[PDB]
Structure formats: C-alpha cells, structure tokens
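Novice: Sequence unavailable; structure follows:
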C-alpha cells in the first residue's frame, strides 16, 4: 500500500463572533456568542442566522 | 513423421511465444481501462502441456486452450486495474528476444537440414 490520495473538505463553519458596528438604529441587533436568530427559510422551513 | 517430430518442440515454443505476446499486447492496450486485471500465462507449464497433448481451442469467436492467469498487482490503484507498465514492458521485451531466439534456432535447424539434402 503506497498510493494515498487527497480530498478537500469543508468541516462545518467557524462560530467565532466578529466585530460589532454600533449603528444608531433600534432594529439592528447582535446576538450573544453561540446564539442564533430564527427565520422562516425559503422553502417554508426553519433556518438560523446571525 | 521424423522431421515433423524433430522440429515440433521449437515450432510449438514459437507459437506459444506468439500467443503470449498477443496477451501482453492486450495488457498494454488495456493499461488505462479502469477495472482490468492483467493477464499472463505460465510459459513452461503450458509449453509442456501443448507438447504432450496437441493444441486445442475453446471454440472456432476462437481462442487458444491456454490458462489465462492473473498477475499479482504491485501497488493499488483507485480505478482498479493491475497493469503495471514496467512489468508489461519488461515482459514484452523479454518475449520479443525469446521469439527472435526461437526464429534463429528454427532457421538454423532448417538450414542444417538443407545443407545435408542439397547436392
């Protein structure tokens, strides 16, 4: 056994929060670390976002 | 009968050389086909077999009655063929020289006979 191949992969994503821009608007919100806002997805399902 | 028997060993060896080279050329042709195990024959055992019992064919699509054995692969491959090109080209060159040797021996014997007959 000598031949071993390479396969690229994307193991999930990065959950480290970014930097918060302070905008003087009441509707722009930022969640806690490892927290998600819930939206109704495109196909009538549920999705989570930041 | 006597002359046929005296020239039969080298003639049969040369025919088996031709068939082995056909097999090796088939292996070289299928070298990039995925899922092709390389085939080869044991020259000595098949030569003795053809010697004791005459040549035979499966049909006659026709093919010889030789046993097509599988070559042991050297290193693995994802496509799934065991045709290792170094082995194929070494066996091809060796079979080439041995076929030329058979031609030389048979031609020498036939001249060695025309020398006697000629007068």
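Specialist: Structure's in. What do you need? Residues are numbered from 1 along each chain as shown, chains lettered A, B, ... in the order given.

Novice: quick one, phi psi at the closest residue to chain A within chain B?
Specialist: In chain B, the residue that lies nearest chain A is residue B:75 (4.8 Å; C-beta to the nearest C-beta). Every C-beta, even on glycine, is put in place using the N, C-alpha and C of the backbone. Reported as degrees, to the nearest 10, the phi and psi values for residue B:75 are phi -130, psi 150.

Novice: Check residue B:57 too.
Specialist: Backbone phi and psi, for residue B:57 under degrees, to the nearest 10, turn out to be phi -130, psi 150.

Novice: if we can go back for a sec, how deep is the closest residue in space to the residue of chain B closest to chain A that isn't next to it in sequence tucked in, by neighbour count?
Specialist: Leaving aside its chain neighbours, residue B:75 sits nearest to residue A:2 (4.8 Å; criterion: C-beta to C-beta, 6 or more residues apart in numbering or on different chains). Residues lying near residue A:2 (other C-beta atoms under 10 Å in any protein chain shown) number 6.

Novice: Please apply the same query to residue B:23.
Specialist: As a measure of burial, residue B:23 has 19 neighbours, counting by other C-beta under 10 Å.

Novice: Please name the residues that touch it.
Specialist: B:39, B:40, B:41, B:68 (C-beta atoms under 8 Å, 6 or more residues apart in numbering or on different chains).

Novice: tell me what the lengthiest helix in chain B is packed against?
Specialist: Counting residues, the longest helix in chain B under DSSP state H turns out to be helix B:85-117. Counting contacts by 3 or more C-beta pairs under 8 Å, 6 or more residues apart in numbering or on different chains; DSSP states H and E, helix B:85-117 packs against helix B:8-29.

Novice: For the helix it packs on, buried residues please.
Specialist: Judged by neighbour count (16 or more other C-beta atoms under 10 Å in any protein chain shown), helix B:8-29 contains these buried residues: B:10, B:12, B:13, B:14, B:16, B:17, B:19, B:20, B:21, B:23, B:24, B:27.

Novice: give me phi/psi at the residue nearest to the last one when sequence neighbours are not counted?
Specialist: The shortest distance from residue B:27 to any non-neighbouring residue, by C-beta to C-beta, 6+ apart, is to residue B:38 (4.9 Å). Here the main-chain torsion angles of residue B:38 (degrees, to the nearest 10) amount to phi -70, psi 140.
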